[PDB]
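Descriptive analysis of the structure
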Amino acid sequence: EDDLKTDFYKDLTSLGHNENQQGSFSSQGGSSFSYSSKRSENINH
């Protein structure tokens, strides 16, 4: 008798994630008054 039973199992299960975000916000308020006055504003978020 010469039984030779053999088995091989291989699993490769790879997962990958890609995530990239940019946000830009800007506000530039202002006001003018003729007495005289001036206002200026800037925002860069």
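What counts as what
- Residues numbered from 1 in each chain as written, not as in the entry; some residues may be left out.
- Part of a larger assembly, values for the part shown.
- Heavy atoms only, no water.
- Helix = DSSP H or I, 4+ residues; strand = E, 2+ residues; numbered from the N terminus.
- Buried < 20%, exposed > 50% of the residue type's maximum accessible area, 1.4 Å probe, protein only.
- Areas by Shrake-Rupley, 256 points an atom, 1.4 Å probe, with all protein chains shown as cover.
- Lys, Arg positive; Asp, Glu negative; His and termini not counted.
- Charge placed at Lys NZ, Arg CZ, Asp CG, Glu CD.
- Salt bridge = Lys/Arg side-chain N within 4 Å of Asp/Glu carboxyl O.

For this entry, the PDB record names cryo-EM as the structure determination method and reports a resolution of 3.0 Å.

A short note on the overall build of the protein
Looking only at helices and strands, one finds zero helices and four strands in the protein. If you list the helices and strands of the protein from N to C, you get β-β-β-β. With respect to the principal axes defined by its C-alpha atoms, the protein has extents near 115 × 5 × 5 Å. Of all 45 residues assigned to the protein, the portion counted as buried reaches 0%. Of the roughly 5,400 Å² of accessible surface on the protein, 46% is carried by carbon and sulfur atoms. Both charge centroids of the protein, one from 4 positive and one from 7 negative side chains, sit 28 Å from each other.

A short note on the pattern of salt bridges
For the structure on display, the rule yields one salt bridge. When the shortest N-O distance is used, the salt bridge between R39 and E41 registers 3.1 Å.

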